[PDB]
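First up is the structure itself, then whatever we jot down about it.
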Amino acid sequence: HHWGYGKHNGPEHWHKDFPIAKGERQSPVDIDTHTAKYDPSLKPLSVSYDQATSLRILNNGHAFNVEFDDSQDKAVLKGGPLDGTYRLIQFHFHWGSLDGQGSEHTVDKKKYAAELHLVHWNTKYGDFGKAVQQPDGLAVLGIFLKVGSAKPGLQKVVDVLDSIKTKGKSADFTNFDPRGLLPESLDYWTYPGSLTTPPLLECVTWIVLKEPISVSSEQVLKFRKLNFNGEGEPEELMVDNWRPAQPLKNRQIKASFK
Ligand SMILES: C/C(=C\C(=O)O)c1ccc(Cl)cc1
Ligand SMILES: [Zn+2]
């Protein structure tokens, strides 16, 4: 597989190797704020990251993943629309070449500069590989980034990117606190969807926070200096690694707030 984000291997091509690309519950989507309905029975959302153990950061030639030790319930997401316990395995971002694009979800067609995905798997399925095969296997917490003031809790990420410039590079990344990437409010929208990269599996309960976080232009500029290519290959800047909005089809987006 040689998928990517260019003209020749980008989102419009994915359906040929991954037919589920045209499925009934694909992500991302546009969130129409005037059609999403407040759901008074959503239970409170619970982000328990106090014991989180980050291990490593990896440039995978599409984005960078910050990886966590998920061998026990150290950093978990529960509540909201979720039944049971979901374990944090990694986070990554999607971003643009320009500040007016980059996010995957959109809000009344508004694109943010970037979008953070904290990826969690349902522990009743035992491992991540089994979880991606289930309709309720993953919960992804989505957070929009806008360009404004710097996010202090992000700077440790920005500063290690020099060391993982090219595809296949990784670096030790211990003692990173993902609580520093959260906005004040946990108000959210939720809907059933999919992974937004191949294999595009329809296994995600999406929880997208309404409140974006602000990051500085300098911070996002450093994302844009990463490379999709491997070391010693011709340089392709890692920008515009976002899949555009997919048909909502027979789904409802629910709001946690009035
Ligand atoms: C987590 C993810 C994709 C995404 O973030 O859309 C992913 C990527 C490859 C495999 Cl094999 C499984 C999951
Ligand atoms: Zn993502």
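Order determines the names: the first chain of the structure tokens is A, the second B, and so forth; residues in each chain are numbered 1 upward, and ligands are numbered 1 upward as they are shown.
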* Find the residues near residue A:49: any atom within 9 Å, counting only C-alpha atoms, skip ones fewer than 3 places away on the same chain, and give them as a list in words. =>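 Skipping anything fewer than 3 positions along the chain leaves residues 52, 53, 74, 75, 76, 77, 88, 177, 178 and 179 of chain A.
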Only C-alpha atoms, please: the residues just picked out, written as a tab-separated table (two decimals), in the first residue's frame.
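Below is the file part.tsv, written as the result:
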```
chain	number	residue	atom	x	y	z
A	52	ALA	CA	-0.31	8.34	31.52
A	53	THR	CA	3.02	6.83	30.36
A	74	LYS	CA	-2.96	4.04	32.98
A	75	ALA	CA	-4.66	6.67	30.81
A	76	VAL	CA	-8.32	6.07	30.02
A	77	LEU	CA	-11.40	7.65	28.57
A	88	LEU	CA	-5.07	5.66	25.38
A	177	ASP	CA	1.50	14.84	29.98
A	178	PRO	CA	-1.38	14.76	27.51
A	179	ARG	CA	-3.54	16.77	29.94
```
Could I get the residue neighbourhood of ligand 1 at 10 Å, counting only C-alpha atoms and all ligand atoms, as a short mmCIF file (atom, residue, chain, number, x, y, z; two decimals) with N, CA and C atoms, in the first residue's frame?
```
data_model
loop_
_atom_site.label_atom_id
_atom_site.label_comp_id
_atom_site.auth_asym_id
_atom_site.auth_seq_id
_atom_site.Cartn_x
_atom_site.Cartn_y
_atom_site.Cartn_z
N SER A 27 -15.44 8.81 8.29
CA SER A 27 -15.02 10.04 8.96
C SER A 27 -13.85 10.70 8.21
N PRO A 28 -13.63 11.99 8.38
CA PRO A 28 -14.43 12.90 9.19
C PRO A 28 -15.76 13.29 8.53
N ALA A 63 2.01 11.20 9.42
CA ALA A 63 1.96 12.18 10.50
C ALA A 63 3.04 11.79 11.51
N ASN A 65 3.17 10.04 15.46
CA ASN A 65 2.40 9.48 16.55
C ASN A 65 3.18 9.56 17.85
N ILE A 89 -3.75 4.87 23.52
CA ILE A 89 -2.64 4.17 22.84
C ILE A 89 -1.72 5.16 22.13
N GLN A 90 -2.28 6.20 21.51
CA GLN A 90 -1.46 7.19 20.82
C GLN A 90 -2.25 8.44 20.57
N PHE A 91 -1.54 9.53 20.38
CA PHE A 91 -2.13 10.71 19.75
C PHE A 91 -1.32 11.19 18.56
N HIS A 92 -1.99 11.90 17.67
CA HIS A 92 -1.37 12.48 16.51
C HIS A 92 -2.18 13.69 16.09
N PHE A 93 -1.69 14.39 15.08
CA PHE A 93 -2.39 15.53 14.53
C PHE A 93 -2.58 15.41 13.02
N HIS A 94 -3.41 16.29 12.48
CA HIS A 94 -3.56 16.51 11.05
C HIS A 94 -3.47 18.01 10.89
N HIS A 117 -5.96 14.14 17.47
CA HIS A 117 -6.69 12.91 17.73
C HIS A 117 -6.00 12.10 18.79
N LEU A 118 -6.67 11.94 19.93
CA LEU A 118 -6.23 11.04 20.99
C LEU A 118 -6.98 9.72 20.82
N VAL A 119 -6.24 8.66 20.51
CA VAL A 119 -6.82 7.40 20.07
C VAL A 119 -6.83 6.40 21.24
N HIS A 120 -8.03 5.88 21.53
CA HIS A 120 -8.26 4.95 22.66
C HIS A 120 -8.97 3.69 22.19
N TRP A 121 -8.65 2.55 22.81
CA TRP A 121 -9.32 1.29 22.43
C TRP A 121 -10.06 0.65 23.60
N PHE A 128 -5.54 -3.75 20.70
CA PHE A 128 -5.89 -2.76 19.71
C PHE A 128 -6.29 -3.39 18.38
N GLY A 129 -5.53 -4.40 17.95
CA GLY A 129 -5.86 -5.08 16.70
C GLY A 129 -7.22 -5.74 16.67
N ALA A 131 -9.74 -4.68 18.62
CA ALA A 131 -10.68 -3.58 18.85
C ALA A 131 -11.05 -2.91 17.54
N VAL A 132 -10.10 -2.76 16.60
CA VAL A 132 -10.41 -2.08 15.32
C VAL A 132 -11.37 -2.88 14.41
N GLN A 133 -11.61 -4.14 14.78
CA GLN A 133 -12.53 -5.02 14.08
C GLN A 133 -13.96 -4.96 14.63
N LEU A 138 -13.04 1.58 19.14
CA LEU A 138 -12.18 2.73 19.44
C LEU A 138 -13.00 3.95 19.85
N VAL A 140 -12.11 8.06 19.73
CA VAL A 140 -11.14 9.05 19.39
C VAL A 140 -11.65 10.39 19.86
N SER A 194 -15.36 6.35 11.67
CA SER A 194 -14.28 5.47 11.21
C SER A 194 -12.91 6.05 11.50
N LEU A 195 -11.89 5.24 11.27
CA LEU A 195 -10.53 5.76 11.16
C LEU A 195 -10.52 6.72 9.97
N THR A 196 -9.74 7.80 10.04
CA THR A 196 -9.65 8.73 8.90
C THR A 196 -8.46 8.50 7.99
N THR A 197 -7.63 7.53 8.31
CA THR A 197 -6.60 7.02 7.37
C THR A 197 -6.90 5.57 7.02
N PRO A 198 -6.38 5.10 5.86
CA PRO A 198 -6.41 3.65 5.65
C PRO A 198 -5.91 2.92 6.91
N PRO A 199 -6.55 1.83 7.33
CA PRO A 199 -7.59 1.09 6.60
C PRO A 199 -9.03 1.59 6.70
N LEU A 200 -9.24 2.76 7.29
CA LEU A 200 -10.55 3.41 7.26
C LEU A 200 -11.68 2.58 7.94
N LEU A 201 -11.30 1.75 8.91
CA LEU A 201 -12.23 0.82 9.52
C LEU A 201 -13.28 1.56 10.32
N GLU A 202 -14.50 1.02 10.29
CA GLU A 202 -15.67 1.65 10.87
C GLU A 202 -15.87 1.23 12.30
N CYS A 203 -14.94 1.68 13.14
CA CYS A 203 -14.79 1.16 14.50
C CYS A 203 -14.70 2.23 15.58
N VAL A 204 -14.99 3.48 15.23
CA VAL A 204 -14.74 4.64 16.10
C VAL A 204 -16.04 5.32 16.57
N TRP A 242 -4.76 15.69 5.87
CA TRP A 242 -6.12 15.62 6.40
C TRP A 242 -7.02 15.08 5.31
N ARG A 243 -7.97 14.23 5.71
CA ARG A 243 -9.00 13.73 4.81
C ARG A 243 -10.15 14.70 4.92
#
```
Distance query residue A:24 at most 9 Å, only C-alpha atoms, self and fewer than 5 positions along chain excluded, as a short mmCIF file (atom, residue, chain, number, x, y, z; two decimals) with N, CA, C and O atoms, in the first residue's frame:
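That gives us result.cif:
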```cif
data_model
loop_
_atom_site.label_atom_id
_atom_site.label_comp_id
_atom_site.auth_asym_id
_atom_site.auth_seq_id
_atom_site.Cartn_x
_atom_site.Cartn_y
_atom_site.Cartn_z
N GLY A 193 -18.33 6.67 13.60
CA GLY A 193 -17.58 6.84 12.38
C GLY A 193 -16.45 5.86 12.24
O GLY A 193 -16.56 4.69 12.67
N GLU A 202 -14.50 1.02 10.29
CA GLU A 202 -15.67 1.65 10.87
C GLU A 202 -15.87 1.23 12.30
O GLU A 202 -16.83 0.58 12.67
N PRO A 247 -19.67 11.94 3.47
CA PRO A 247 -21.12 11.99 3.64
C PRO A 247 -21.58 11.46 4.97
O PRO A 247 -21.16 10.37 5.39
N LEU A 248 -22.47 12.21 5.60
CA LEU A 248 -23.03 11.82 6.89
C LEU A 248 -23.93 10.61 6.77
O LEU A 248 -23.96 9.78 7.65
N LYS A 249 -24.68 10.53 5.68
CA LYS A 249 -25.53 9.37 5.44
C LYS A 249 -26.50 9.23 6.61
O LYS A 249 -27.02 10.23 7.08
N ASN A 250 -26.69 8.03 7.12
CA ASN A 250 -27.75 7.80 8.07
C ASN A 250 -27.22 7.91 9.49
O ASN A 250 -27.27 6.92 10.25
N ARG A 251 -26.66 9.08 9.84
CA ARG A 251 -26.13 9.28 11.18
C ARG A 251 -26.59 10.56 11.80
O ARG A 251 -26.89 11.52 11.10
#
```
Quick one: DSSP strand (DSSP E) residues in stretch 69-228 of chain A, as a CSV table (one decimal) with C-alpha atoms, in the first residue's frame?
```
chain,number,residue,atom,x,y,z
A,76,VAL,CA,-8.3,6.1,30.0
A,77,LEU,CA,-11.4,7.6,28.6
A,78,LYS,CA,-14.8,6.7,30.0
A,79,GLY,CA,-18.3,8.2,30.2
A,86,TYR,CA,-11.1,2.9,26.7
A,87,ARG,CA,-7.3,2.9,26.9
A,88,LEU,CA,-5.1,5.7,25.4
A,89,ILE,CA,-2.6,4.2,22.8
A,90,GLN,CA,-1.5,7.2,20.8
A,91,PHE,CA,-2.1,10.7,19.8
A,92,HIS,CA,-1.4,12.5,16.5
A,93,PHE,CA,-2.4,15.5,14.5
A,94,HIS,CA,-3.6,16.5,11.0
A,95,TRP,CA,-2.6,19.9,9.7
A,106,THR,CA,-15.3,20.9,10.2
A,107,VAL,CA,-17.8,23.0,12.1
A,114,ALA,CA,-5.2,21.5,12.7
A,115,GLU,CA,-6.8,18.7,14.6
A,116,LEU,CA,-5.5,16.5,17.5
A,117,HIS,CA,-6.7,12.9,17.7
A,118,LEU,CA,-6.2,11.0,21.0
A,119,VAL,CA,-6.8,7.4,20.1
A,120,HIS,CA,-8.3,5.0,22.7
A,121,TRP,CA,-9.3,1.3,22.4
A,122,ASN,CA,-12.1,-0.6,24.3
A,138,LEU,CA,-12.2,2.7,19.4
A,139,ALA,CA,-13.0,6.2,20.9
A,140,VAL,CA,-11.1,9.0,19.4
A,141,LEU,CA,-11.1,12.4,21.2
A,142,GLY,CA,-10.8,15.2,18.6
A,143,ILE,CA,-9.5,18.6,19.5
A,144,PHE,CA,-9.4,21.5,17.1
A,145,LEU,CA,-6.3,23.8,16.9
A,146,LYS,CA,-6.5,27.4,15.9
A,147,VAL,CA,-3.6,29.8,15.5
A,170,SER,CA,11.5,7.8,16.1
A,171,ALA,CA,12.7,9.3,19.3
A,172,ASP,CA,12.3,8.5,23.1
A,188,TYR,CA,-18.4,17.8,22.8
A,189,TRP,CA,-20.2,16.4,19.8
A,190,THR,CA,-20.4,12.7,19.2
A,191,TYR,CA,-21.2,10.4,16.3
A,192,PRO,CA,-20.3,6.9,15.0
A,193,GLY,CA,-17.6,6.8,12.4
A,204,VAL,CA,-14.7,4.6,16.1
A,205,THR,CA,-17.0,6.5,18.5
A,206,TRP,CA,-15.9,10.1,17.7
A,207,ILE,CA,-16.0,12.6,20.5
A,208,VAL,CA,-15.1,16.1,19.2
A,209,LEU,CA,-14.6,18.9,21.7
A,213,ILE,CA,-7.1,25.0,21.7
A,214,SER,CA,-4.9,27.9,20.6
A,215,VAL,CA,-1.3,27.3,19.3
```
* **Residue nearest ligand 2 among A:103, A:54, A:175, A:85 (counting only C-alpha atoms and all ligand atoms)** =>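 Smallest distance to ligand 2 is found for A:103.
The closest residue to residue A:159, picked from A:210, A:225, A:130, A:8 and counting only C-alpha atoms, is A:225.
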* Asked: Which residue, A:101, A:71, A:60, A:217, has the smallest gap to residue A:164 when you use only C-alpha atoms?
  ->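 Closest to residue A:164 of all the choices is A:60.
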